[PDB]
Each structure stands twice: as structure tokens, then as C-alpha cells.
Amino acid sequence: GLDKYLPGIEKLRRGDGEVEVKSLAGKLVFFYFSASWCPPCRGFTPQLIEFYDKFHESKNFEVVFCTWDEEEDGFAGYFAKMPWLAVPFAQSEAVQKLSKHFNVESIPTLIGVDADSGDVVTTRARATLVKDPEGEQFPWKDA
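The sequence shown begins at 3 in UniProt numbering and counts up one residue at a time.
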């Protein structure tokens with residue numbers, strides 16, 4: 003189901019190593035579009051980390067950082083501060099195309115899709131998460 007969003011990407015970053023995209027079977031996957039340079043990302047990222055630490059297991063989801071940073075050497079530093087996965091910096095073309103697919107015009111943006119079906123679940127999770135820190139309305143389904 004994820005083939006559509008990350009064509010021919012089989013591995014994602016996690017800490018200093020990697021995981022197979024196959025390990026996301028059955029999960030809700032949030033693509034998190036952000037950058038070290040983005041002012042509103044600074045305040046949002048820690049709110050997402052809190053939500054992830056509390057609920058990624060119990061609510062069965064994963065976060066995949068999709069960078070808008072264009073400085074390679076900053077990538078390590080910025081992703082190092084996150085607990086989840088990332089599209090590798092060298093697969094930035096895939097991130098750009100995904101950003102276009104979802105009409106991401108500003109960051110931060112958080113889009114949730116079902117890994118198995120590829121179906122879009124929510125496109126507004128950056129807005130809804132800040133008003134729902136306990137995830138009482140998770141996964142904030144689009145109409």
C-alpha cells in the first residue's frame with residue numbers, strides 16, 4: 003500500500019541504521035513534512051514526539067520524517083533529535099514528489115495513510131493533534 007507514496011524505496015532510517023518498509027504492515031503511517039529551517043516546526047515537533055511516545059504502540063502507528071531540508075550535513079543532526087523513521091536524505095526526490103502528491107504547500111504538515119491499502123486517512127493531523135493531545139478523536143479522519 004506504501005508503494006504508491008515511496009516508489010521502489012525498501013528501507014527507511016531509524017536512529018543510526020535502517021528498517022525495511024515491510025515492517026510497517028498493518029500500521030497507520032504518518033508522513034511528517036518538516037525542516038530544521040522552518041520556524042513553526044520548532045514548536046510542533048516536540049508535541050508530536052510526546053504523542054508518539056504515548057501512543058505509537060497502543061494506537062498502532064508510525065511516523066516517517068519527510069525532510070524539506072536541502073543541506074545534507076544537517077540531516078543527521080535534525081533527524082537525530084526524533085524517535086521515529088525517516089526517508090533517507092538521498093531519496094529526497096521521492097519526498098518532493100510525495101509533497102506534490104499531497105499538495106503540501108507549507109510545513110509542518112502531517113498526513114496519515116493506511117500502510118496496507120495506501121488509503122489516505124487524514125491530511126490535517128498537524129492541526130488536529132495540537133487540539134487533541136490525548137488522541138480522543140485519533141486518527142482525525144478526513145470527511
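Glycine residues also receive a C-beta, built at the ideal position from the N, C-alpha and C atoms.
Counting every other CB atom within 10 Å of its CB across the protein chains shown gives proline 110 a total of 16 or more, marking it as buried. At a Cβ-Cβ threshold of 7 Å, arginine 16 and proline 90 do not count as neighbours. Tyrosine 7 and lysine 143 have their C-alpha atoms spaced approximately 19 Å apart. At a cut-off of 4 residues, the continuous stretches assigned as alpha helix (DSSP H) that sit fully inside the segment 43-101 are 74-82. With contact defined as three or more Cβ pairs closer than 8 Å, the segment 32-41 and the segment 93-113 are in contact. A direct Cα-to-Cα measurement between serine 60 and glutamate 22 gives close to 21 Å. Taking 7 Å as the cut-off, the beta carbon of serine 108 is found no closer than this to the beta carbon of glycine 76. Of the candidates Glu20, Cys40, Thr125 and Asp71, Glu20 places its Cα closest to the Cα of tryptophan 86. Here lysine 13 is bridged, per DSSP, to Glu22. DSSP lists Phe63 and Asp116 as the beta-bridge partner residues of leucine 30.
Take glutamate 52, set aside five residues on each side of it, and the residues of its chain with a beta-carbon closer than 8 Å to its own are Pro135, in chain order. Looking at the backbone, the Cα of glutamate 12 and that of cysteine 43 are separated by about 27 Å.
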